[PDB]
Amino acid sequence: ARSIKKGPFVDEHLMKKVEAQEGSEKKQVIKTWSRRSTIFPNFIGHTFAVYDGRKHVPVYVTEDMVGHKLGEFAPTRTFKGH
Amino acid sequence: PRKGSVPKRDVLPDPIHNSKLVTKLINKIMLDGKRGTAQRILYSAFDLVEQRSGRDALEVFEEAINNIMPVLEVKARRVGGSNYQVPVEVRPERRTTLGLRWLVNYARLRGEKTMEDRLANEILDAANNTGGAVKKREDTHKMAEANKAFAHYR
Amino acid sequence: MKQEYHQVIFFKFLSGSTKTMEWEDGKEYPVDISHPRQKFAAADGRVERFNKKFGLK
Amino acid sequence: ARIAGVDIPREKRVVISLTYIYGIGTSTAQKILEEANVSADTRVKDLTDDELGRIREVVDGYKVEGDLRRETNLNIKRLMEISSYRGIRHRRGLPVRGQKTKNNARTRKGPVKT
RNA sequence: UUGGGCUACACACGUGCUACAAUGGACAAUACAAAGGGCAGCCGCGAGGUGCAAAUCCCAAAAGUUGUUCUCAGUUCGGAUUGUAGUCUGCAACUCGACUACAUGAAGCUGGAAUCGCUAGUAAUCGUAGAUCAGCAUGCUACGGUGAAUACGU
Ligand SMILES: [Mg+2]
Ligand SMILES: [Mg+2]
């Protein structure tokens with residue numbers, strides 16, 4: 001895990017997108033490539049179209065997802081078989 | 001090897017019983033070069049022997065080894081479509097090898113918890129003409145005399 | 001009943017059983033779990049756990 | 001005898017016998033017997049009633065047995081409900097900590113199906 | 001260039017590591033190496049945090065020995081898997097790093113047909129160092145400690 005002394009990592013460009021919608025009601029999907037950003041408490045209620053390598057898949061954030069990486073909800077490998 | 005026989009290595013007599021046979025026994029007991037453990041087992045086993053029998057441990061150990069050492073063995077041979085177990089006489093140096101090897105191998109298969117207990121009981125048993133190592137010698141003679149007709153092969 | 005089982009004392013209270021102490025009645029009988037307080041606080045929750053871990057109020 | 005609802009083995013030393021409780025390992029058992037002043041080498045059939053009572057009170061402060069099983073199961077349930085990467089591996093029966101599955105994942109997968 | 005993949009997973013094969021325990025496990029005390037590398041490099045239970053450009057300082061022995069305990073139990077063997085909480089590097093450990101602490105405690109009780117290495121300081125076993133390298137070695141290369149059995153013969 002990331003050192004506590006360094007705090008939780010989020011990409012600055014993604015965080016500004018979340019703060020730009022702060023104080024609104026018609027939230028809009030945030031398209032991002034930042035799979036490595038920690039989900040912060042202010043991400044709750046937001047949708048993130050997260051790149052999985054070929055497409056942006058929607059990730060709607062609930063409270064139980066706080067502290068996880070955005071990439072943990074956009075699977076990158078496809079397997080349904082043998 | 002094809003060229004010929006190779007010289008063998010001597011060993012020192014053990015510090016307690018002044019016996020080269022005892023040193024060779026420790027080497028058979030020893031695993032992975034751990035000599036101190038092997039020496040500890042051997043000397044503890046000899047204390048058990050000396051008090052469970054009332055005699056000198058070394059004297060019992062020479063009796064036990066004489067009951068394990070075979071005089072005749074069987075050798076494999078291919079004779080034109082029929083494998084023949086030719087009986088041969090064991091040379092004196094190989095007799096000691098088999099005596100020590102069978103004693104340790106059959107002490108390892110016993111049910112006592114510690115090896116010093118297992119080795120001491122094998123020695124006490126073999127000195128009474130019983131036990132696994134004495135049986136293995138008996139089955140070797142029983143395999144040999146069943147083939148003493150084949151002594152004419154080489 | 002046809003023709004053991006006595007009144008053993010299991011707090012303390014009289015009872016009958018076979019798995020066989022003076023009482024206010026003045027007689028003696030053969031004598032862990034008090035079952036759960038809140039025991040442990042429930043889970044904090046991810047938001048509170050996040051804020052407390054990094055000191056983010 | 002019965003400490004946290006479990007009948008710990010009677011013939012063993014307390015430090016060992018306490019580890020038969022779900023939630024207590026070797027290090028926890030050592031600290032429980034330091035807190036509740038009981039010698040580690042006592043056989044639990046030789047524990048006095050007072051010594052046994054002191055152990056049960058210290059053990060009461062630890063999350064063990066069914067309380068610990070509920071907490072662990074709630075954690076796995078949360079991972080599966082939010083459909084995280086780990087939660088998906090939990091439901092699929094696959095390793096969750098990045099281990100390779102081309103070979104040597106038998107513990108999570110079970111016996112081979114040739 | 002950003003992100004993903006080279007790390008997938010019903011299986012099959014090769015090479016290894018750790019085990020199945022008492023010649024052992026745990027705990028305490030106490031000895032004995034060789035070969036190499038080094039410049040911005042060499043308080044917390046814990047991982048970790050806050051003199052030397054070299055025969056000079058640092059990296060930095062274990063097996064062993066002596067005692068105590070365990071007592072043949074899938075266990076005080078085994079540490080796979082999983083949960084939680086952390087440390088460090090790195091812009092960044094989700095995919096997909098290493099290590100630590102607590103908890104959990106899988107298969108496994110010497111392995112079919114078959115098959116491999118090794119002739120002496122060798123095999124076996126125990127540690128150590130280096131290259132690559134921000135971080136990552138059960139691999140590779142190298143170093144010492146303990147240290148066998150056997151070779152009748154073609
Ligand atoms: Mg590859
Ligand atoms: Mg263990």
Side-chain angles (χ1 to χ4, degrees), chain A residues 1-4 6 9-11 32-38 50-56 68-79 81, chain B residues 1-2 4-6 8-9 24 26-38 40-41 75 88 90-91 93-94 97 100-101 108 111-119 154, chain C residues 53, chain D residues 9 12-13 15-17 19 22-29 31 40-41 62-64 68-69 72-76 79 84-86 89-90 92 94-114:
Chain A
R2 191 171 161 90
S3 280
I4 305 276
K6 281 142 82 63
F9 177 79
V10 59
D11 273 309
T32 169
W33 285 255
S34 202
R35 306 172 53 80
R36 74 203 190 162
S37 289
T38 304
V50 181
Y51 204 63
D52 76 332
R54 44 153 168 211
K55 74 204 173 279
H56 300 268
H68 285 100
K69 297 302 181 98
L70 264 185
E72 307 187 34
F73 310 94
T76 65
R77 292 196 196 79
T78 278
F79 178 77
Chain B
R2 302 190 165 282
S5 309
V6 153
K8 321 242 194 78
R9 307 195 186 72
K24 272 140 128 190
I26 289 149
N27 283 339
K28 306 292 192 99
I29 295 175
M30 166 180 66
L31 315 149
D32 305 329
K34 297 183 121 178
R35 161 164 282 133
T37 315
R40 177 168 324 115
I41 291 156
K75 231 165 73 192
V88 317
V90 192
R91 21 168 184 130
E93 296 80 26
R94 185 165 154 80
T97 284
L100 298 180
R101 165 145 86 239
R108 270 164 187 169
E112 284 93 11
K113 291 293 101 209
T114 69
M115 187 71 178
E116 61 246 42
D117 223 292
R118 279 178 242 120
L119 185 61
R154 280 304 94 159
Chain C
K53 169 148 60 138
Chain D
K12 291 153 151 38
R13 297 161 55 234
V15 256
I16 316 297
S17 290
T19 57
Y22 186 89
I24 299 171
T26 296
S27 92
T28 309
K31 281 158 28 53
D41 300 311
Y62 289 77
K63 194 195 272 286
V64 307
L68 189 63
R69 285 191 176 93
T72 303
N73 293 328
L74 280 200
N75 293 333
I76 290 154
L79 291 176
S84 55
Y85 175 84
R86 278 203 286 143
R89 310 297 281 182
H90 269 292
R92 245 172 250 190
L94 286 180
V96 316
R97 297 174 178 204
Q99 300 105 316
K100 270 153 202 97
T101 58
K102 209 200 176 144
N103 303 295
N104 312 138
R106 290 345 292 197
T107 296
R108 291 284 304 173
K109 264 158 93 181
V112 305
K113 280 132 15 141
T114 315

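In what follows, chains are A, B, ... by sequence order, proteins preceding strands, each numbered from 1. Scope of the values below: all heavy atoms of this structure, side chains included, with no hydrogens, waters or symmetry mates.
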Is any N or O donor-acceptor pair between the side chain of [X] and the base of [N] shorter than 3.5 Å?
| X | N | value |
| --- | --- | --- |
| B:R40 | E:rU23 | no |
| B:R9 | E:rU150 | yes |
| D:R13 | E:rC70 | no |
| D:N103 | E:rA12 | yes |
| A:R35 | E:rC94 | yes |
| D:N104 | E:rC17 | no |

Kindly indicate whether [M] forms a Watson-Crick or G-U wobble pair with [N], where both distances must fall under 3.5 Å.
| N | M | answer |
| --- | --- | --- |
| E:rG97 | E:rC88 | yes |
| E:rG130 | E:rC140 | yes |
| E:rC96 | E:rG37 | no |
| E:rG36 | E:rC59 | yes |

Which part of the nucleic acid, if any, lies within reach of [X] when heavy atoms closer than 4.0 Å are counted: base, sugar-phosphate only, or nothing?
| X | answer |
| --- | --- |
| D:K102 | base |
| B:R35 | sugar-phosphate |
| D:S27 | sugar-phosphate |
| A:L70 | nothing |
| B:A38 | nothing |
| B:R118 | sugar-phosphate |
| D:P95 | sugar-phosphate |
| B:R94 | nothing |
| B:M115 | base |
| D:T19 | nothing |
| B:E93 | nothing |

Nearest-angstrom distance from the residue atom NZ of B:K113 to P of E:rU75
16 Å

If pairing requires Watson-Crick or G-U wobble contacts with both distances under 3.5 Å, which nucleotide is the partner of [N]?
| N | value |
| --- | --- |
| E:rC6 | none |
| E:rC136 | none |
| E:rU15 | none |
| E:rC102 | E:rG83 |

Has A:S3 got a side-chain N or O lying under 4.0 Å from the OP1 or OP2 atom of E:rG86?
no

Hey, does the side chain of D:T28 come within less than 4.0 Å of E:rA103's phosphate (OP1/OP2), counting only N and O?
yes

Whether D:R69 engages the ring of D:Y22 as a cation-pi pair (distance to the six-membered ring centre under 6.0 angstrom, angle to the ring normal within 45°) should be assessed.
yes

What pucker do you get for E:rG49 when you go by the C1'-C2'-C3'-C4' torsion?
north

Parallel, tilted or perpendicular: which fits the ring planes of A:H56 and A:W33, with parallel below 30° and perpendicular above 60°?
perpendicular

